[PDB]
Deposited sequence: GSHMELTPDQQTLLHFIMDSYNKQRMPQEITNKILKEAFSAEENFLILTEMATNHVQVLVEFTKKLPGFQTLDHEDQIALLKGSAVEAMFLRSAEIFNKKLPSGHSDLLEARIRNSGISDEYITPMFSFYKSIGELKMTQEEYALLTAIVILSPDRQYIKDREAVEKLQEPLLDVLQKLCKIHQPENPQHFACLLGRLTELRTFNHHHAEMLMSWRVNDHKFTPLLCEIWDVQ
């Protein structure tokens, strides 16, 4: 079992766009040096969330066919996926990119940022759940593309156009599960389990934003 040359080409474009992300030194240094107070911890999180929006747009722009979509549909997809894409990238950075000590300090900062356990608990439950699947880089990149190119987001005018871009990605992901995990037929079902779990963050994030009187004007406009 192998990917077709067309599938290999689609995957390469996705992987290339995904591998561009790299946490800048200034943010990493802040996690280490800043005072351990609710306001300093929250500011670090806000900067990370803001930087992710820029990272998300750059990744999305290079997804095959994205630039062929109507301008308003490009905006609707970005707005619709911003929270889910953020948590998925977070799961990867917490479980793979940051060193043990830095991730331990970032978790300490997240847990002492003035954010309620109602939102912190499902967040860390999700990271552990993603960690269990021992996802490859190809799995992270494809899952991110599938999340972004979701045809059922609100305010999309040409859904059929989005469906034509999403279906080949789901096909590639299922085929990689059959190639790399043939002894584990439930592997693709497990990856799907993460897509639905990611959707639950849309509510948790919306409630968290309405709870502010901490107030970050820029992020509130992107997430509505």
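Missing C-alpha coordinates mark the following deposited-sequence intervals, in order: 1 to 3, 217 to 220, 232 to 233.
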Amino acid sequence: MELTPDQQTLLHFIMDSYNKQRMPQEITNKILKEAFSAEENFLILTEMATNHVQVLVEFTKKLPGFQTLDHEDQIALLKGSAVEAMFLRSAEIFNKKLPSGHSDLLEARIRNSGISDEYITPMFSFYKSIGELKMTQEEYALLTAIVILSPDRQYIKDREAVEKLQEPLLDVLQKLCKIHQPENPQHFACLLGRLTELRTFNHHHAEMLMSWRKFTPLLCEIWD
From here on, numbers count along this sequence of modelled residues.
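Each form is matched to the other, and the largest set of C-alpha atoms that superpose within 1.5 Å is called the rigid core.
Larger root-mean-square CA separation from the shown form, computed after a rigid core fit of the structures in 9 other deposited structures of this protein, is seen for 125 to 133 when 125 to 133 is set against 141 to 149. Fitting each structure in 9 other deposited structures of this protein onto the rigid core and averaging C-alpha distances over structures and residues, 31 to 39 emerges as the more displaced of 31 to 39 and 54 to 62. If you average the C-alpha B-factors over 129 to 137 and over 79 to 87, the higher value belongs to 129 to 137.
The stretch 181 to 189 shows the higher mean C-alpha B-factor when 181 to 189 is compared against 48 to 56 in the entry. Taking only the listed residues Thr216, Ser17, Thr9, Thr200, the entry reports the highest CA temperature factor at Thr216.
Ranked within its chain, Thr68 lands in the middle third, by CA B factor from the PDB record. Split the chain's modelled residues into thirds by C-alpha temperature factor. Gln154 is in the highest one. Compared with the other modelled residues of the chain, the Cα B-factor recorded for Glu40 ranks in the middle third. Per the PDB record, residue ranking by Cα B-factor puts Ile31 in the middle third of the chain. The entry lists a Cα temperature factor for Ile110 that places it in the middle third of the chain's modelled residues.
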